[PDB]
Amino acid sequence: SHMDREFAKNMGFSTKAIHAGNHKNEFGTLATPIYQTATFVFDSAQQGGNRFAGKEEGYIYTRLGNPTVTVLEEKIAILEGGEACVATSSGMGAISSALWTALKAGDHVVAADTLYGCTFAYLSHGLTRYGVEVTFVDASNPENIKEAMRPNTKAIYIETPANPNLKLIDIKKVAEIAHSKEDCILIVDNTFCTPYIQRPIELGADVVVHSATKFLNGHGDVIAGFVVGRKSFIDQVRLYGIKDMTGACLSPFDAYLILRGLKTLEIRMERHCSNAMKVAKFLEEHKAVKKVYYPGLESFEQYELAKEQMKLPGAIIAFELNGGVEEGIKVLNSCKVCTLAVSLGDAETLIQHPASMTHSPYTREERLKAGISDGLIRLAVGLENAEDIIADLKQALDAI
Amino acid sequence: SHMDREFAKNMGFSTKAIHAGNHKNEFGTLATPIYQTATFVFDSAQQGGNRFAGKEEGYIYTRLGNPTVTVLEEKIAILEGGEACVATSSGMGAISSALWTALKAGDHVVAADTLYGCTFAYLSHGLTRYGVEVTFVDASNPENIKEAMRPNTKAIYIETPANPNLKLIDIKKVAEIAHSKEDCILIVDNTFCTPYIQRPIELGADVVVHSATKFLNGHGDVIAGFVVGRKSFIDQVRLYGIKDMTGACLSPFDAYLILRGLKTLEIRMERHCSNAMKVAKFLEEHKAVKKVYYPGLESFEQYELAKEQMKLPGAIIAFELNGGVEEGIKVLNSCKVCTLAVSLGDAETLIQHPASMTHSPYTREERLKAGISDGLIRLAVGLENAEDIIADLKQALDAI
Amino acid sequence: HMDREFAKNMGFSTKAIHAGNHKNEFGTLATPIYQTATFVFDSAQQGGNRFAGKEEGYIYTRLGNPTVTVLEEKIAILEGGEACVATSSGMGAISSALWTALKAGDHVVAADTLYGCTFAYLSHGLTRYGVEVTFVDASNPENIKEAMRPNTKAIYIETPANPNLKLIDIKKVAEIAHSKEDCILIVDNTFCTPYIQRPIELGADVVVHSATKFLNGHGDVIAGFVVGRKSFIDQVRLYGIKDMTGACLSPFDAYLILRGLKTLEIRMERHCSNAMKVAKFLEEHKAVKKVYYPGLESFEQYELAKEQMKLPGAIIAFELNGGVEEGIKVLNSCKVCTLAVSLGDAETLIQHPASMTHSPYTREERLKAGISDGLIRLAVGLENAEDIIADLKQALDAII
Amino acid sequence: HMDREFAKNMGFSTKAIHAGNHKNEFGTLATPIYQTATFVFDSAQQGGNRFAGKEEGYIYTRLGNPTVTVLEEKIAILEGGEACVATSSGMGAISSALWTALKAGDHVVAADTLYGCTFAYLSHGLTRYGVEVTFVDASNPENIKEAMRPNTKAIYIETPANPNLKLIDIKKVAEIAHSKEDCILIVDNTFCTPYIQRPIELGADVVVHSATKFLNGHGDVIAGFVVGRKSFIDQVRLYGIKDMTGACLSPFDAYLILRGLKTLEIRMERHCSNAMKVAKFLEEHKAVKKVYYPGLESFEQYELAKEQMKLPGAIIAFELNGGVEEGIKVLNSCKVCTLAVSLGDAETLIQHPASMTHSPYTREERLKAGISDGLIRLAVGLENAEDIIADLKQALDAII
């Protein structure tokens, strides 16, 4: 490293996203080199053995660690305010590696009712198949978590804003509940916010997981994830969760593209939220739109909590139309600028129907209990000029 | 696809490794394009829903599937003689995703006593922590597997040659034992051999796992894996093991580099084994070397089985010196051509001490039971001229 | 996907993301990296038709590649030109265009203040091949008209241009170039980008760029572009690049420029926002003798900067109240500003030509070229302006 | 890691893997991809010293890059030259070397049979810039000596060369070039590679390559090299590439060539092994009128092929007992041989110049250039020779 985290404390977010974690190499390359290698050479046989026993620093194998990935891990941990970070080949790889490491057969988990489709599948149809009981509750009211707590509850998993409806959860209050019992941790999926908007570790969370694929990469060309938290737990996830349980190690090439994307994280998040506030206001005033969910609108139920724990309201807008699923299909198909695709946190504005697409693993009974309407549309607002996004949505909504 | 697997049946190995699985795209690029994307665009909202319900072919998200990865999966399945394949971000990702999918709490596994370090850790300290009993046996004698079989044994995991000592296991006889019980499968780790040398599916295995990092990539710059088997099981590993349990999805860039490496798989394996037969004979005749384990030497215990199930003897040579660990260190450090590093299946000849390096998770009690000597040296013979590899080893061994 | 006619009414950011992009058979959101050398023909007739220019399609990457085509169409749409052709460097674009447009016996009227290597290519390159070149102070357009000759086939200008960032009225120079029948105006729009300045609309025939700088924006690709009429761009593609220079761009590098262009509007806005703040600070600072920046009211050509540039840019040249020793002290004292050549990157780059670039030059030679003892060129990055200003203050306060 | 002196006694494969490689601070086995545009100086003095050539180090990727340096040293070691400089294309290497070595008023004696674009660069390029070029039948060296003039500063040759793969005795032409004081011999060693032919040892001053072909070997990188004395290579780096052409190679493309070179010996051996088998088959086949291949005893310059080439190469030109229509039928009938231009790839490429490359040319123009109605150039790949021969047999049997 060149910029120490002590020097980085007084620096701004954009400055840290560019210079923090970066290492001054022998050639002095401005860009972090792509150390696209599988194995590393030891100077002596004794060095190799010391490296395996944790007695000497250095690299051994890319699944264990790589210098391109180290710069990215150090950079993410500095922004989130965590001791250490470990990158994975996907957002689900980060979620699974952390939960496989922190849990064992006989443990209990209190998870939020509204979660990302595959996360719900991993908890309901994955961890339950391996002798781990999971209780899903409406996390908006923290008292439901307190009620579902048990003497064997070793972890609490939350996601705020919840994908897709954007239901918020007070992190600081849930951390107080998690820390009431001796052996219990709070895992927060900070994919939607990024450390620019929200930092759950500072609010009380022990572990923070991300789907780097979305806003941290920002260019929709890398499937990746991160696990941020205390060094003691991150070393366990690196040498057990990824090394043995999942095998979800990130490629040095993909890690370089995330480093490249992070250089513009502050300016991308500012434009993303600037456009989303303008699009959400337009949707709220439009006749064809029945209800708009966005933390920036005064009509949002948890508007006071959005101001308290989020720097900006985000880029995602969930909304319901004055019509069934047929009306929603007509809007999606009429779009010429808004791209009809899955995923979020990209320069292209993406749009989709969560009932049949993202939250498809959820059965219709579980879907409606969480709050997914047959006709809800989730909009991931991109970096295009808000004038063109609004014009495209207007010509599509005016037809219905 | 351009070359159908019916046309590919009569073609040779090198021809299949170059043309099989390749798709003729709209531009007609000779090289497979690197579709470095995270999400894919649907032509209509109905198309998206049909794609998620499995009613229409096409792509949705790179974690689920990608066209660069599809060409590689089709190519590997054709060479191995399997119905389908699914790529992962690491060799351990392929092992874990297949075992997480095939097993549940209450199941039993009969695993080989000599296995790769992290595989042993995933079975002994991973699956056991999640209510799955595992019995390790000397798989060289198949009767030990038959004795360890139980009414709940849903899988048998084997690796032949076993890393590092190179102990062989008759696949056809173990498959007959696995198929005696209704719900039991045989998983074979064909990393060392590759489908050019050994094809366990044809011998009887249900599932074949690989660590693409080693000989299939061949250039030591990609950490990757594969799960080959019946389409029914491969779809379950793709949409459950990788999608939810591990998150070990392969990057399209890394997948392209494996496709690039496969173009020379036949010529690399031939040179690798050509040099290894010459190095092993030299080591056997050298005074300082006590015992050499290599399937090509007539001194090998399972020499008849090596001829029956392997096309060539491979590139790995395990050997013991007429001296302790100090003598082995002196040999490793004296090397100028043989690179002192971990991993195998690369142009550079790699050399290491398994006791302190690869099989370090094994405790000294478990290590000696499997057959790992304090002083054993595993040599991954590269593609350099055998004259220079032998000359380098001679000047190092003559000093002791 | 998005036709040039539909893109006309769209904003800059929207065009930089969606214009030029092609909807492929798989529907990848990101443009695929067609990393290939040659392309396959469906029949022998198809190959012949493509070589005769009768049928559309690809033949070889040096001639053309689909990743590069998307980038070329995108750049031509933003600049308002008919066609574009990418090169492996900024100098490759400059040389390929001039080698194509000129022959032995022709004359060129070039600006006196140009990029170091451009001046070398004109003074030592084209003169060595029977091409006379007259260098003039292009700020006053009357000097260009005086240096015009009956054989002047081209006029090369760069605005702004080092050392003091002087400007050239493009519309006035185009009127001079078009007074003679066979004469063109080539403008190096590297500093401005089509977001700030579009010389084709003002009158220029050809526009060259060094994509390495602001168009890529991440300092990891050496690349260039030649924009102009299709008739001349086809000649540069099939003669200048194909035969004279061989400066063809890699599809991988082309993809990274496409990735960088997704945030061009937001990067240029932040770059100029920070530069206006840094320039005002430097002007008010005691240790700074003079500041050259098109945004300050003290700038000589302030009216022309507002007339032909949307924003004043990101480059700031400034004189110190001190010699070469003071300039060395300031640069070495920097802890945020990076000591490196080049411009248009997230990292703020700082250079002192007297002690770094023009160091072989003697003091007499330096002053003839226009490099003073305390001249410092600053390429303002995307970090928070408060941290850039704080770093410059602690360095400049030491020399008071 | 491996010095040029230690590499002297090592074999070709060993040098192609270990020579030129640099032991970096992390000890990565694979050469890192230093994908950067600019490099950071530790002090203002360091930057100045590097610009004055007094201190070693990097400044900008167009000038030099560490990934490219490892590749340049590796190529120069194999060719037996003092220094090498990489370019973004084969034509970039040819043009940069000729632009550097020549000036207006100089004369060049070039071979009559050369690569299409090389002939265009000499006949239409250099002649347009006051450089006279005389083309002669280089098979008889007396024609070169007759075309020599007091201003002949260079002689350009290519051996073997299309259409009929004619050879040129390098050692005899070097004696002619060195008879005059200021004259050099440039040899295009694309077809042979330093494994088959090393023109510097035979007498050549400069050796140019199109790395796209056999050195890369995987048909995914357009690149070139200029090998020769350090004095001339420094001039080509800091004048030919830096200013005249701008043909600098990308670090990513340079890495892929390094990856491809790891298997150069084994690829060239298989390429020539298959080509000798295919050429013998074609010679004995009834529908084939004549076969040009340096390995057949029917070859005119068979003694010279054994004298200056280790192996006869992978390219086979052959005449059919039929016109253009028969040649079209044969190519369209192929199911394994790929219809594409270029050479030196795992896929066997087949081309019929009469109906594909020289299709704009009329029949009278085709015969003057040397392209007959039934001439077919075949770049033999790495597939099994039995499948290549079987594919050619079913295509040639249809035209009997």
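In this document, chain identifiers A, B, C and D correspond to the written order of the chains, with residue numbering beginning at 1 in each.
Here, a contact is a pair of C-beta atoms (placed from the backbone, for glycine too) under 8 Å apart; a residue touches a chain by one contact, two chains touch by 3 or more.
Chain identities (UniProt): A, B, C, D = L-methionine gamma-lyase.
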Problem - Centre distance in Å when chain C and chain D are each reduced to the mean of their C-alpha atoms - result: 33
Exercise for the section: Quick one: report the Å distance separating chain B from chain D, using the average Cα coordinate of each chain. Expected result: 38
Handout entry: Where chain B touches two or more other chains, by residue
Key = 30-31, 36-43, 220-221, 339, 341, 343, 346
Practice task
May I ask you to sort the chain touch graph into line, ring, star, complete or other?
Solution key: complete
Handout entry: All touching chain pairs, where touch follows the definition stated at the start
Key = A-B, A-C, A-D, B-C, B-D, C-D
Fill in the blank from the handout: Interface with chain C, chain B side, in the complex: residues 24-31, 33-43, 58-59, 67, 256
Problem - Residues on chain D engaged by chain C in the complex (per definition of touch) - result: 35-45, 47-49, 51-52, 59-62, 87-96, 99, 103-104, 117, 120-121, 124-125, 128-131, 212, 216, 219-222, 224, 239, 242-250, 252-253, 327-328, 331-332, 338-342, 345, 349, 351-352, 355-357, 359-360
Fill in the blank from the handout: In their shared complex, chain B is touched by residues of chain D numbered 6, 10-14, 17-18, 29-30, 217-220, 256, 259, 262-263, 265-267, 269-270, 335-336, 338, 340, 345-347, 381-384, 386-387
